[PDB]
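Note sheet for the following structure.
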Protein chains: 2
Amino acid sequence: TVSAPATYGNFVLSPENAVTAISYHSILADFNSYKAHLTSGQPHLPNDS
Amino acid sequence: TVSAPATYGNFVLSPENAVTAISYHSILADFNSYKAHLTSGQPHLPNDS
């Protein structure tokens with residue numbers, strides 16, 4: 001007997017993604033994590049989007 | 001006698017500007033105001049950047 005995810009995973013646009021979508025036709029996922037770890041001066045992230 | 005601004009105006013870019021400049025090579029000034037007013041649905045800004 002094995003454990004499996006009972007439902008699909010949900011991925012959604014944060015508003016900072018939507019504004020970049022409108023402006024430059026592009027989104028970087030997990031945007032706030034990128035900005036926080038960039039301004040904090042740290043190279044590596046805990047998880048991918 | 002007339003009043004004048006005593007010092008140059010110090011304008012600095014927010015971290016979202018930094019990450020957008022790194023990624024797409026572009027910046028929207030007063031970026032957080034754009035995000036908040038766009039998401040809230042307010043059509044107009046009080047002042048320019």
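By order in the structure tokens, chains are A, B, ...; within a chain, residues start at 1; ligands start at 1, following the order shown.
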TODO: With a cut-off of 10 Å and counting only C-alpha atoms, select all residues of chain A in contact with chain B and give the selection as a list in words.
DONE: residues 14, 15, 16, 17, 18, 19, 20, 23, 24, 25, 26, 27, 28, 31, 32, 34, 35, 36, 38 and 39 of chain A
Could you write those residues out with C-alpha atoms, as a PDB file, in the first residue's frame?
```pdb
ATOM      1  CA  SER A  14       0.882  36.323  -7.435  1.00  0.00           C
ATOM      2  CA  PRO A  15       0.083  39.975  -8.278  1.00  0.00           C
ATOM      3  CA  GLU A  16       3.759  40.854  -8.763  1.00  0.00           C
ATOM      4  CA  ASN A  17       3.722  38.136 -11.419  1.00  0.00           C
ATOM      5  CA  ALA A  18       0.634  39.656 -13.061  1.00  0.00           C
ATOM      6  CA  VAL A  19       2.139  43.139 -13.329  1.00  0.00           C
ATOM      7  CA  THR A  20       5.258  41.742 -15.018  1.00  0.00           C
ATOM      8  CA  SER A  23       4.451  44.874 -18.735  1.00  0.00           C
ATOM      9  CA  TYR A  24       7.115  42.568 -20.209  1.00  0.00           C
ATOM     10  CA  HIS A  25       5.149  39.439 -21.246  1.00  0.00           C
ATOM     11  CA  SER A  26       6.982  37.264 -18.720  1.00  0.00           C
ATOM     12  CA  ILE A  27       6.687  35.799 -15.216  1.00  0.00           C
ATOM     13  CA  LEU A  28       9.324  34.423 -12.871  1.00  0.00           C
ATOM     14  CA  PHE A  31       8.777  35.869  -7.303  1.00  0.00           C
ATOM     15  CA  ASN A  32       8.785  37.068  -3.683  1.00  0.00           C
ATOM     16  CA  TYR A  34      13.558  35.397  -5.405  1.00  0.00           C
ATOM     17  CA  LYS A  35      13.396  39.046  -4.352  1.00  0.00           C
ATOM     18  CA  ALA A  36      13.884  38.211  -0.661  1.00  0.00           C
ATOM     19  CA  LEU A  38      18.356  38.273  -3.696  1.00  0.00           C
ATOM     20  CA  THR A  39      18.214  41.363  -1.479  1.00  0.00           C
TER      21      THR A  39
END
```
Open item on the list: For the helix (DSSP H, G or I) assignment from backbone DSSP, which residues of chain A qualify? Please present them as a PyMOL selection string.
Closed with: chain A and resi 15-24+31-39
Open item on the list: Measuring between only C-alpha atoms, which one of A:21, A:49, A:33, A:40 shows the shortest distance to residue A:9?
Closed with: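 Checking each candidate against residue A:9, we get A:49 as the closest.
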Open item on the list: I'd like the interatomic distance between atom CA of residue B:42 and atom CA of residue B:13, to a tenth of an Å.
Closed with: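 For atom CA of residue B:42 relative to atom CA of residue B:13, the distance reads 23.1 Å.
One finds atom CA of residue A:30 at 21.7 Å from atom CA of residue A:5.
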